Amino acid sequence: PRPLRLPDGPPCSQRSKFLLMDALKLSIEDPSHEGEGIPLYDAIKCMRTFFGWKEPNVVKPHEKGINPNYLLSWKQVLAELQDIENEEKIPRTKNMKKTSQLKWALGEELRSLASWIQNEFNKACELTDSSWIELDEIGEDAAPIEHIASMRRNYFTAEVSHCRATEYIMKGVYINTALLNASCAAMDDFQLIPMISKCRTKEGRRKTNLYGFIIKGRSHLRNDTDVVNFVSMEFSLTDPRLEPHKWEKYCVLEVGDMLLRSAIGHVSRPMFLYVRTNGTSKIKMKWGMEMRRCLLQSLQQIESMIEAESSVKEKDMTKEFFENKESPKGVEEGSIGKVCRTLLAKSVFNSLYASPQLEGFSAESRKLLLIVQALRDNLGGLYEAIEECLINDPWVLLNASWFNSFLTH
């Protein structure tokens, strides 16, 4: 009967494994260099397209970390890629020297809702000018699919293939695959692992994108919960000083200047490098490799809706649903496309921001929802279970804030 109590405190901070709305890509088009498809080779070719590098410096220090070490670590990346430039054959992988900065970096409280997480979610729902999946990406069926299932899949794919949340899926699939693979292929090495994604422009040109790099620590992962540490180094045009509370976990460097087209003419903007230490485990990297299931899960939520409409109207409502034909007289989100991308964005953010706070909040808030709906239509301890999960997680706090909007109306 009353809105949830969200915790008071300093604003919550970014805790994703890689940058989301703030990421920046160095890209090469229709790659054709010798060794296309070897990540390190792709990364160096992406690096060469940029000529605006400059002497790096800290612009937003990590309050609890050793900021000279993060700076030294980025300078070591540039120098070891410069070493590779001198060798005749570019090696398949690059193992970093076990410097003191990398040994330190690799390890060898109530927060309030901040506006940035809602902004992230809005960004995840948007369309990008590139496609991130193939037409037949979704599904893993053994047999050929029926006509109706295919039609629904083709409609849905057309609405989400360019979605920003789909970029996050493929970005996450790539980096988790590369890290999990390096975790057993190079157990004792501080391996340099580029952060790559691949897309296709509106004109059909294939493109290869570099977001940055991670460096992994030692990884003798005997079980699913063993942690491999890593250091992430991610390009960005986001000035960390605008929302410093978001970047509590980062040392942020200024490392270059980039020339951009904009609504005014060409403009020069500083390029930043977001640096943090982080960790993940076998089981989280396996889930990261499965993020394409976000596409399947949200398609199935759509298909549930179409099947309901088909059962009430005694005919298949797929075309009527996706083309937006008591029949509904519009879409609350504004379009069928927005409903699909919103469902996907929720599913992807559930994965990007998985936590026990989210698992508890999801279960307990569903109980209070069904109860409040039953009281609404026909007219203590549960609240504690819900609010016990409202501590500091941006995604949980946002979903609780959404819940409270449901309670008001």
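Numbers for residues come from their place in the sequence shown, where the first is 1.
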{"item": "Across other compared entries, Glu55 missing in at least a third", "value": "no"}
{"item": "Residue gap status of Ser32, at least a third of other entries", "value": "yes"}
{"item": "Missing residues, deposited sequence, between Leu379 and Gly380 (class: none, 1 to 3, 4 to 9, 10 or more)", "value": "4 to 9"}
{"item": "Gap size, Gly334 back to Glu333 (deposited sequence, no coordinates)", "value": "none"}
{"item": "Which of 73 to 81 and 258 to 266 has higher mean CA B factor, as the PDB entry lists it", "value": "258 to 266"}
{"item": "Higher-B stretch (mean Cα B-factor, as the entry records it), 174 to 182 or 125 to 133", "value": "125 to 133"}
{"item": "Out of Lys207, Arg222, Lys338, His245, residue topping the C-alpha B-factor column of the entry", "value": "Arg222"}
{"item": "Given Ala363, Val58, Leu26, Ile44, the residue at which the Cα B factor reaches its maximum", "value": "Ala363"}
{"item": "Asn67 CA temperature factor, ranked by third within the chain", "value": "lowest"}
{"item": "Assigned third (lowest, middle, highest) for the C-alpha B factor of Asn324", "value": "highest"}
{"item": "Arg200 by Cα B-factor - lowest, middle or highest third of the modelled chain", "value": "middle"}
{"item": "Third of the chain, ranked by Cα B-factor, where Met305 sits", "value": "highest"}
{"item": "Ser161 - Cα temperature factor, lowest/middle/highest third of chain", "value": "middle"}
